[PDB]
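Some notes on the structure that comes next.
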Amino acid sequence: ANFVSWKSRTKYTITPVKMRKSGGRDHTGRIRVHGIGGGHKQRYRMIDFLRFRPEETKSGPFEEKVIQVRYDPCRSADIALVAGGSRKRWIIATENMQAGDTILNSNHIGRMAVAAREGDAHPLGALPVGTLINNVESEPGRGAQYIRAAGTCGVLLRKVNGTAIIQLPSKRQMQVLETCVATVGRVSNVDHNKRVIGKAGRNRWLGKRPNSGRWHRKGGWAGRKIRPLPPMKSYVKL
Amino acid sequence: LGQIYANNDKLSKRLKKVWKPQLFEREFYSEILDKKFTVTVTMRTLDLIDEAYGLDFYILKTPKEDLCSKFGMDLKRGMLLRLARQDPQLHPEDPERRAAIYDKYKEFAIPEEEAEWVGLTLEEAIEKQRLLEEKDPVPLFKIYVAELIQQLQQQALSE
RNA sequence: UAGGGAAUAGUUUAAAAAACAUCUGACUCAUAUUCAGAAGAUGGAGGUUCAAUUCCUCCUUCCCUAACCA
RNA sequence: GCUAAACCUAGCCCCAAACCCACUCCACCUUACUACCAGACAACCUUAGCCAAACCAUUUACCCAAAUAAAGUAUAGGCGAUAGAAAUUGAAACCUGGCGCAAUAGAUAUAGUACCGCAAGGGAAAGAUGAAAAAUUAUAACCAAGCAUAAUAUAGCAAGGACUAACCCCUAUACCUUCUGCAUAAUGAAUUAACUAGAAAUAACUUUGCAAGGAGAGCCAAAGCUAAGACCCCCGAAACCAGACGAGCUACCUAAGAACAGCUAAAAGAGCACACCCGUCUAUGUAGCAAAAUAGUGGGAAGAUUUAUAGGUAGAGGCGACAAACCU
RNA sequence: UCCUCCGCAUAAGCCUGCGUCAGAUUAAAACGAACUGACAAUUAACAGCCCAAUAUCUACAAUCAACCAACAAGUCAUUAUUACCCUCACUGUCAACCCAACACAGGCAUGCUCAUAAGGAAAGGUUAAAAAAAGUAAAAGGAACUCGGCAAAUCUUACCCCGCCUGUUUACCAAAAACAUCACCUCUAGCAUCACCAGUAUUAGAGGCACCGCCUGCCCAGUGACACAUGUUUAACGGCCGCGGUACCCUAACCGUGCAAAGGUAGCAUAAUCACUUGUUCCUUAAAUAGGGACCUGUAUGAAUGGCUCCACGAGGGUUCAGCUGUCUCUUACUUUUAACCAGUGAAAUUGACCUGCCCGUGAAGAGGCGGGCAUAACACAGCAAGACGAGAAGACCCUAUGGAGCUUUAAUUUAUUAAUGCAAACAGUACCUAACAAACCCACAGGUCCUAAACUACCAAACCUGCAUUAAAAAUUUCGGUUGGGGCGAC
Ligand SMILES: [K+]
Ligand SMILES: [K+]
Ligand SMILES: [K+]
Ligand SMILES: [K+]
Ligand SMILES: [K+]
Ligand SMILES: [K+]
Ligand SMILES: [K+]
Ligand SMILES: [K+]
Ligand SMILES: [K+]
Ligand SMILES: [K+]
Ligand SMILES: [K+]
Ligand SMILES: [K+]
Ligand SMILES: [K+]
Ligand SMILES: [K+]
Ligand SMILES: [K+]
Ligand SMILES: [K+]
Ligand SMILES: [K+]
Ligand SMILES: [Mg+2]
Ligand SMILES: [Mg+2]
Ligand SMILES: [Mg+2]
Ligand SMILES: [Mg+2]
Ligand SMILES: [Mg+2]
Ligand SMILES: [Mg+2]
Ligand SMILES: [Mg+2]
Ligand SMILES: [Mg+2]
Ligand SMILES: [Mg+2]
Ligand SMILES: [Mg+2]
Ligand SMILES: [Mg+2]
Ligand SMILES: [Mg+2]
Ligand SMILES: [Mg+2]
Ligand SMILES: [Mg+2]
Ligand SMILES: [Mg+2]
Ligand SMILES: [Mg+2]
Ligand SMILES: [Mg+2]
Ligand SMILES: [Mg+2]
Ligand SMILES: [Mg+2]
Ligand SMILES: [Mg+2]
Ligand SMILES: [Mg+2]
Ligand SMILES: [Mg+2]
Ligand SMILES: [Mg+2]
Ligand SMILES: [Mg+2]
Ligand SMILES: [Mg+2]
Ligand SMILES: [Mg+2]
Ligand SMILES: [Mg+2]
Ligand SMILES: [Mg+2]
Ligand SMILES: [Mg+2]
Ligand SMILES: [Mg+2]
Ligand SMILES: [Mg+2]
Ligand SMILES: [Mg+2]
Ligand SMILES: [Mg+2]
Ligand SMILES: [Mg+2]
Ligand SMILES: [Mg+2]
Ligand SMILES: [Mg+2]
Ligand SMILES: [Mg+2]
Ligand SMILES: [Mg+2]
Ligand SMILES: [Mg+2]
Ligand SMILES: [Mg+2]
Ligand SMILES: [Mg+2]
Ligand SMILES: [Mg+2]
Ligand SMILES: [Mg+2]
Ligand SMILES: [Mg+2]
Ligand SMILES: [Mg+2]
Ligand SMILES: [Mg+2]
Ligand SMILES: [Mg+2]
Ligand SMILES: [Mg+2]
Ligand SMILES: [Mg+2]
Ligand SMILES: [Mg+2]
Ligand SMILES: [Mg+2]
Ligand SMILES: [Mg+2]
Ligand SMILES: [Mg+2]
Ligand SMILES: [Mg+2]
Ligand SMILES: [Mg+2]
Ligand SMILES: [Mg+2]
Ligand SMILES: [Mg+2]
Ligand SMILES: [Mg+2]
Ligand SMILES: [Mg+2]
Ligand SMILES: [Mg+2]
Ligand SMILES: [Mg+2]
Ligand SMILES: [Mg+2]
Ligand SMILES: [Mg+2]
Ligand SMILES: [Mg+2]
Ligand SMILES: [Mg+2]
Ligand SMILES: [Mg+2]
């Protein structure tokens with residue numbers, strides 16, 4: 001078929017971008033994922049997940065001012081417009097992030113551990129053990145891919161041989177280099193999981209189509225399974 | 001592309017079966033062309049090259065029906081054209097080396113006119129012939145000025 | 001009407017044994033519990049085999065299943 | 001007396017021979033037949049199945065480069081059905097013909113047109129004077145069913161025996177198929193015209209030729225061998241496989257649009273109620289107005305609503321708030 | 001005079017398809033003409049047909065946008081420099097029109113008109129039978145009708161079952177108690193440049209169940225899944241007991257004994273729950289196989305393939321008060337349509353031939369056609385539906401066929417394919433191994449002589465691809481014997 005991904009924009013902007021729905025279809029036009037369709041129209045606000053991105057001609061730690069915290073239709077967590085120097089960008093808001101606050105984006109790992117302020121971005125090596133973190137990256141400079149959902153938080157468990165052990169929201173441990181940057185605190189919208197849909201219609205507004213009416217006998221996969229926590233996932237190469 | 005009997009028993013199901021060769025990407029050096037090529041080959045190709053004592057010998061010795069490669073046939077034409085022309089572009093600054101290489105492979109040398117057509121497909125050959133034969137038409141002005149002058153000269157003799 | 005299974009001591013099981021119940025004794029002031037003893041059985045009939053709960057056959061009692069389609 | 005009837009051409013079939021192949025100007029791969037702008041996608045990849053094997057599961061002939069012969073031999077094979085060589089052998093070869101059709105035949109063909117289908121695709125019918133029509137009051141007639149001229153008189157497979165006499169008298173249970181057996185109230189048939197269904201080996205028999213030989217290389221032969229004559233139907237499934245064509249209906253989705261009075265509450269997958277969407281119940285209709293409608297009555301009607309436009313998903317599949325729904 | 005269901009316009013579709021003249025070809029009737037030949041016609045301002053480059057810019061809905069309050073978070077915006085002197089071409093424009101084989105009571109988007117200024121005609125003429133259709137009115141009674149208050153009239157009470165609710169489905173016999181659904185729960189997954197998602201476990205996907213309220217008991221032996229050392233797991237597939245005796249009889253708190261992974265718990269119960277069955281009792285009726293409340297061992301109820309209550313809701317199924325009524329007692333009158341007659345036009349199924357009676361008997365077993373009787377001049381028109389085993393569809397029930405197909409699977413055959421694992425293939429190198437001891441003697445030490453001081457290499461290249469195996473997943477191909485007082489079951 002003639003499917004073209006809407007994700008064609010190449011330059012970062014804070015202007016909400018028009019996005020196109022998939023209906024759960026793939027590029028071939030056949031349904032690939034069921035239960036997707038319709039819903040309210042939405043515009044995409046480009047989120048910058050690399051908190052330590054110095055301006056073009058700048059280097060080192062820098063501060064930003066929170067302009068606004070607002071609803072994002074494309075994700076569970078709220079997003080914050082931050083401005084520093086001559087640059088404005090969208091980022092994921094923390095639990096207590098509000099307009100007028102100042103946040104610190106540093107890459108410095110010092111002998112002593114810093115006093116962790118909620119919403120600040122530091123390297124994992126610079127944070128005290130037990131700090132609640134979010135928006136963690138697997139490798140340095142890769143950008144945050146973990147602990148992004150509303151209310152989610154990880155904890156820094158250990159710091160050994162230039163590496164950091166963090167507990168993921170699923171409780172599985174994650175070893176990374178101590179230079180990987182994370183954000184302090186919990187993600188915004190802590191009460192997301194307490195929301196009540198209330199009626200079938202509201203699920204339709206969210207772009208969710210009803211389940212199939214076909215009755216499926218349950219098989220061996222079903223039933224409670226008590227399994228050990230998976231072994232620590234490591235991204236450091238020795 | 002063929003069929004097999006399951007468990008090598010004719011009384012069992014006949015199944016489709018495709019056997020594919022194991023492919024390897026290797027780098028080869030041509031002495032006549034003084035260039036390195038990254039060619040996808042099979043272990044049989046490596047054995048045949050070893051038995052020929054080099055890529056140049058393999059390309060020049062192997063007939064078209066055994067090479068089974070348009071790229072191989074193009075390499076053959078390239079090598080043969082350099083041998084036919086005794087091209088000085090091979091090691092331009094080392095005439096002695098250039099002449100040892102050409103001597104090593106002198107048995108395969110052929111006239112240049114023939115070498116230009118080696119390995120060409122019928123479609124390529126037709127296009128090459130078409131280009132050779134493509135000439136702008138001659139203005140009839142020139143042709144008629146030749147019949148006239150030639151005719152006037154003959155008339156003068158009779159006078 | 002058709003089909004499969006079962007029958008063991010008074011009771012319930014086992015592959016001719018245990019358990020209690022029954023009777024005998026001891027312990028108790030007496031009873032029970034307990035301890036030591038004792039007895040008791042292969043639904044019925046017919047046949048094979050030296051020998052048949054254990055190989056077959058018919059009958060009785062009982063149980064379970066089926067008894068449909070227009 | 002009407003309706004009709006009648007016709008001999010158009011061309012066509014099978015061979016032979018010969019290799020084959022077009023052109024004014026203009027337009028035409030975008031929505032073809034559209035004068036005039038920035039692109040760059042590019043071709044190859046084992047047929048399957050019906051069917052036969054009385055199922056079916058391995059297997060089941062399909063020109064592949066010289067007629068004949070070797071030979072249905074070697075050989076292959078659920079060693080079944082059936083399949084099947086080669087060495088070797090080695091011929092003839094002058095297009096302009098027909099114990100072919102003649103308008104239901106022969107090409108589907110007056111034409112791939114009309115018409116049918118969204119598309120791929122399916123696919124017709126028919127003409128008839130004469131030397132002259134610048135001879136048209138011309139070229140007579142007689143012939144199927146159907147009628148008309150000309151309705152009918154007790155009683156009966158409709159006739160037969162008869163009779164002076166149509167009827168009245170006497171005798172008589174249409175036909176085909178199918179069956180143990182059919183007037184059967186078992187099958188088919190309004191009627192006319194045309195069309196519409198028995199193809200060949202193995203042997204044997206019969207009649208010629210020659211004869212321990214026969215035959216115009218091959219083969220057979222302990223009277224054989226050569227040649228000839230003479231025997232083996234038609235229509236019909238539900239299916240299976242391959243390659244194309246289809247989402248202008250409908251299912252779901254994508255892009256960007258549109259509609260929703262009045263009243264109540266004013267918060268609403270809230271109520272009443274138009275437009276609009278749906279289709280509960282009854283009657284009507286049932287070759288209908290309609291291959292699903294009409295009248296009334298009903299459910300919903302700011303929502304998971306309804307709807308116009310363009311696009312997407314394709315059959316070993318799609319799509320589905322699973323009804324085995326829907327995909328012209 | 002009477003209708004107005006409309007109407008006008010645009011879009012889409014269609015393509016000259018009721019303009020003139022000339023033809024008598026015709027509109028399901030008719031000489032006007034939508035049919036034929038010729039000749040005319042729609043004129044752009046509406047609409048279509050658009051735009052130089054590169055970089056750069058674009059957080060703050062809409063709703064009278066102002067108060068107010070939201071979520072499902074939204075249709076409208078640039079600058080910088082460079083380049084650029086030119087003008088009104090081309091195409092749509094008609095109609096009584098499109099999709100439905102038709103001049104089809106159907107289908108058909110938007111604007112305006114909200115009943116009309118626009119658009120139209122239900123009766124060819126007559127008669128005023130039956131049957132039939134659509135209406136209006138009806139004495140007394142008022143559901144006595146009927147499967148049922150269907151229909152009609154009037155316009156209301158209470159209750160029960162199921163499903164929570166709005167919603168969804170078999171286009172064309174089922175709209176429902178079936179599906180979905182908020183909620184609850186189980187399972188899988190630690191991650192980016194084409195779905196999921198420009199998302200990241202408060203997430204995403206695969207499922208079950210079905211809001212809420214009280215709850216969801218016992219079982220991991222078997223199957224499955226997972227996990228490996230045993231094992232874990234039921235809101236996974238599923239399961240959740242006997243025999244004999246003891247208070248007169250019923251029953252057994254009780255007692256013996258066997259079995260099992262556990263022995264059905266709470267609840268509820270004659271149920272939409274195999275029969276028994278119209279179970280018993282109270283209420284309801286003059287009378288109840290109905291309905292409601294209870295009793296219940298249901299030996300075949302029962303707890304997320306959910307149990308039990310309960311608001312609201314339902315064209316779901318059942319019962320009922322009151323009213324209402326031609327539903328009925330029991331029908332009647334009138335109007336319209338149809339009808340019949342006249343005129344025009346003019347189909348379909350059907351049809352062996354018919355000179356096409358009744359009775360009894362007979363017969364391939366139900367006779368207009370045969371036997372014995374009886375009846376009998378000929379031919380229309382209107383009714384009727386007892387027969388012509390009436391017409392329509394080569395019975396869909398049933399059986400048969402070494403005929404099909406859909407579906408399921410622990411039917412046979414197979415793993416080509418997909419995934420996993422193993423080996424081979426391919427591909428670089430890093431390391432090569434130590435448990436004396438003097439007993440005697442020597443030697444300044446440090447150590448030596450004798451009574452052994454040998455022999456001996458290990459590891460080892462991650463993926464991708466190819467070949468060969470193994471296990472899975474998901475599929476493919478094919479079959480489902482016969483006999484039989486029909487087949488099945490039994491038996492053979
Ligand atoms: K959100
Ligand atoms: K068959
Ligand atoms: K024809
Ligand atoms: K017949
Ligand atoms: K009969
Ligand atoms: K009969
Ligand atoms: K019949
Ligand atoms: K489409
Ligand atoms: K038109
Ligand atoms: K209609
Ligand atoms: K309904
Ligand atoms: K288990
Ligand atoms: K009851
Ligand atoms: K009762
Ligand atoms: K309902
Ligand atoms: K009748
Ligand atoms: K019988
Ligand atoms: Mg989203
Ligand atoms: Mg669900
Ligand atoms: Mg379900
Ligand atoms: Mg067969
Ligand atoms: Mg068969
Ligand atoms: Mg040969
Ligand atoms: Mg013809
Ligand atoms: Mg005649
Ligand atoms: Mg007579
Ligand atoms: Mg018979
Ligand atoms: Mg007879
Ligand atoms: Mg008959
Ligand atoms: Mg018959
Ligand atoms: Mg024959
Ligand atoms: Mg087959
Ligand atoms: Mg196919
Ligand atoms: Mg469409
Ligand atoms: Mg959309
Ligand atoms: Mg409104
Ligand atoms: Mg509502
Ligand atoms: Mg409403
Ligand atoms: Mg739907
Ligand atoms: Mg179903
Ligand atoms: Mg079904
Ligand atoms: Mg304009
Ligand atoms: Mg107009
Ligand atoms: Mg509609
Ligand atoms: Mg008017
Ligand atoms: Mg009228
Ligand atoms: Mg009328
Ligand atoms: Mg009339
Ligand atoms: Mg009355
Ligand atoms: Mg009654
Ligand atoms: Mg009443
Ligand atoms: Mg009655
Ligand atoms: Mg009613
Ligand atoms: Mg419901
Ligand atoms: Mg239906
Ligand atoms: Mg529907
Ligand atoms: Mg219905
Ligand atoms: Mg349900
Ligand atoms: Mg619940
Ligand atoms: Mg449970
Ligand atoms: Mg007693
Ligand atoms: Mg209980
Ligand atoms: Mg019952
Ligand atoms: Mg009643
Ligand atoms: Mg049960
Ligand atoms: Mg149950
Ligand atoms: Mg279960
Ligand atoms: Mg509610
Ligand atoms: Mg109700
Ligand atoms: Mg509803
Ligand atoms: Mg009549
Ligand atoms: Mg008439
Ligand atoms: Mg007939
Ligand atoms: Mg009779
Ligand atoms: Mg009559
Ligand atoms: Mg008859
Ligand atoms: Mg009949
Ligand atoms: Mg039949
Ligand atoms: Mg078959
Ligand atoms: Mg068999
Ligand atoms: Mg049989
Ligand atoms: Mg029988
Ligand atoms: Mg049997």
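Chain identifiers are assigned alphabetically (A, B, ...) following the order of the sequence lines, protein sequences preceding nucleic acid strands; residue numbering begins at 1 within each chain.
- Along RNA chain D, the nucleotide nearest A/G201 and the nucleotide nearest B/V18 are compared for position; the residue whose nucleotide lies closer to the 5' end is B/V18.
- Comparing E/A271 with C/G5, their P atoms are spaced 40 Å from each other, to the whole Å.
- Residues satisfying the ring-ring contact (aromatic ring centres under 6.0 Å, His included) criterion with B/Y102, sequence neighbours excluded, are absent altogether.
- Listed by residue number, A/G24, A/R25, A/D26, A/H27, A/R32 are the residues of residues 23-32 of chain A with a heavy-atom contact under 4.0 Å to RNA chain E.
- Chaining together hydrophobic side chains whose heavy atoms lie under 4.5 Å apart places B/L148 alongside B/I149, B/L152.
- For the segment residues 10-17 of chain A, the set of residues with a heavy atom within less than 4.0 Å of an atom of RNA chain E comprises A/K11, A/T13, A/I14, A/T15, in numerical order.
- The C1'-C2'-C3'-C4' torsion of E/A77 is negative, which assigns its sugar to the south, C2'-endo side.
- Across residues 80-87 of chain A, not one residue has a non-hydrogen atom less than 4.0 Å from an atom of RNA chain D.
- Contacts between residues 221-238 of chain A and RNA chain E, defined by a heavy-atom separation under 4.0 Å, are made by A/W221, A/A222, A/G223, A/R224, A/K225, A/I226, A/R227, A/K233, A/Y235.
- Residues that satisfy the salt bridge (charged side-chain N to carboxylate O under 4.0 Å, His left out) test with B/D9, not counting sequence neighbours, are absent from this structure.
- Here E/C209 and E/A210 show stacked bases; the six-membered rings are centred less than 5.5 angstrom apart and their planes meet at under 30°.
- A salt bridge links B/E134 with B/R130: the closest approach of a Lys/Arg side-chain nitrogen to an acidic carboxylate oxygen falls below 4.0 angstrom.
- Comparing the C1' positions of E/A269 and E/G302 gives a spacing of 10 Å, expressed to the nearest Å.
- A/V196 comes within 4.0 angstrom of the backbone, heavy atoms only, and of no base.
- Looking at heavy-atom distances under 4.0 Å, A/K199 makes contact with a base.
- A glycosidic torsion no more than 90° from 0 defines the syn conformation; D/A134 lies beyond that range and is anti.
- At a non-hydrogen distance threshold of 4.0 Å, A/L168, A/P169, A/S170 from residues 159-170 of chain A come into contact with RNA chain E.
- As judged by a 4.0 angstrom heavy-atom cut-off over every strand, A/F3 is placed among the base-contacting residues.
- Salt bridge annotation for A/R142-A/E137: absent, with no cationic side-chain nitrogen under 4.0 angstrom from a carboxylate oxygen.
- Glycosidic conformation at E/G323 (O4'-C1'-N9-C4 for purines, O4'-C1'-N1-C2 for pyrimidines): anti, more than 90° from 0.
- Here A/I36 lies in heavy-atom contact (under 4.0 Å) with sugar-phosphate atoms only.
- Among residues two or more places apart in sequence or in another chain, the ring-ring contact (aromatic ring centres under 6.0 Å, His included) test is passed with B/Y105 by B/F57.
- Protein chain A contacts RNA chain E from E/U56 to E/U305, reading 5' to 3' and using non-hydrogen atoms of the protein with a distance under 4.0 Å.
- Across the interface with RNA chain D, nearest-nucleotide mapping of A/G213 and A/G39 shows A/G39 to be the residue nearer the 5′ end.
- Residue B/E31 forms a salt bridge (charged side-chain N to carboxylate O under 4.0 Å, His left out) with just one option from B/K36, B/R97, B/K104, and that option is B/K104.
- Residues A/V66, A/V69, A/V82, A/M97, A/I103 make up the rest of the hydrophobic cluster containing A/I91, defined by ILVMFWY side-chain heavy atoms closer than 4.5 Å, directly or through other members.
- Under the 5.5 Å centre and 30° plane thresholds, E/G7 stacks on its strand neighbour E/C8.
- By the ring-ring contact (aromatic ring centres under 6.0 Å, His included) test, A/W6 is found to be paired with A/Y44, residues two or more places apart in sequence or in another chain being considered.
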